[PDB]
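Listed next as structure tokens: two forms of one protein chain, kept apart as structure 1 and structure 2.
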Structure 1
């Protein structure tokens, strides 16, 4: 079946998985070094063994693709995955007075009955970055996030590098190059950073008219984080394949620390007793070819019929 490299990954984290200490320390079974391979010509790689929302996949990827850094497109697209970083830095200094989130995520994860303050204060904040322009401009611009790595790398003598747009020139100009890489790993910025990019590096590759893409992810969340990660870069591989007028080959997912938090252990086993169903397929707008000027409804998924979703604690 198609998402079986994955199910196997989770089986292997469990079976050869070493027990780790870690930054978020709940604990983690981890392996080091792991490659998976998905043929995208046999179907779109989103998981049929659990309801994954493809809608959050698309809006997060087109944010990136527009080179955006503002949490407002995302909220304005019902998409909240990145709120806690900009909210982390709204709790910042000035302006903010009242109540008091003095490291919050983990605290409503060793939960109070207070969670409603946290979320009636978050709904105050998500309203302001999409009503107030001023607000949004200073408290919604995450800064360095993936849209400004791919599409606007800052140079030592003032400029910005759209590296994505230049590689897309490079596949159209010279299919057969071995230098086709986009990197979010920026040395000076990484000891400051909040999250140093989990999806470090990628390389496209052409052969015989179909492109493959390979991904290096330095840390991975096997249960909650990898399923989503699999569909972002494989939608990006059909999108770029669409713009250069090229077919689709494989998505190769190389990992560095792949890890199962141990409180997901019972959930990972459940979905492992499920049987994969046939893959979903992807339909893109066949008129519109500048993917950078794509919106939501241009990307479409046909017949995705999942098993039920497995909610399990982590955020």
Structure 2
């Protein structure tokens, strides 16, 4: 059905998987080079064989579209995906006096109480960001995330480029350009970076009255991370169709290392026995139109009827 392209992508790695060590050797089955297409006029690519939080997808897409870099917008939308990127530098200088949280990702995972001390000093940190302009301003700002790469590229001779906002004036005035790319990869500040962008680039395209978008994902954690990535970029494809006064066609996901983290093998076999359900259908607020100054309430998901959720081990 609509997601069938996803569930085969997980079976091919279950058959071509080269075991590849990486991580800290930790374990992967991977393929290199894969492309899967979703026809967004049949429905929205949110999985029906795992319940995926559409709420944490739109909160983050609209952080991206507002051009935002600050953990504070996400936290005051209960969406906590980016938190330890900034809870990481909290565990760094000056005011960091007290607990350990020392490359903590490792020890909460293996912990009775290392994790709860991790878990509390983190909400200490979080309801701080929510509450003082100076802490928030200092440590809640990640610097180089997608809102800053998409809406403010940093130039020599200091400017900021709005990459997004210029390819959409470009899709309004020249529908047939093959130069409609946004690149989240700047190669200058990429070794001075903690997580090199994974959505490296995407490219839109107008065929007869309708818009599509293709994405180069440099590395994708098949089970835990692709469920979420398919709907973030098939959301943005509906939103820029919205603003360009166009119709909606295809979302093409193309992949570099597509992998299955090894600690995740029993779980993805379980969803692999489930049978699809019909996918939801997304509609968007008709009367506001500039997506950049949209809020949660203008995006709704109807008839999402998921299977239950499959809980992680994480990546």
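Numbering follows the first chain given and starts at 1. Think of the rigid core as the biggest set of C-alphas that the two forms share within 1.5 Å after superposition.
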item	value
Core-aligned C-alpha movement of residue 303 between structures 1 and 2 reaching 2 Å	no
Cα displacement of residue 94 between structures 1 and 2, core-superposed (Å)	1.4
Between structures 1 and 2, how far the Cα of residue 178 shifts once the core is aligned, in Å	0.5
Core superposition result - C-alpha of residue 26, shift between structures 1 and 2, Å	2.1
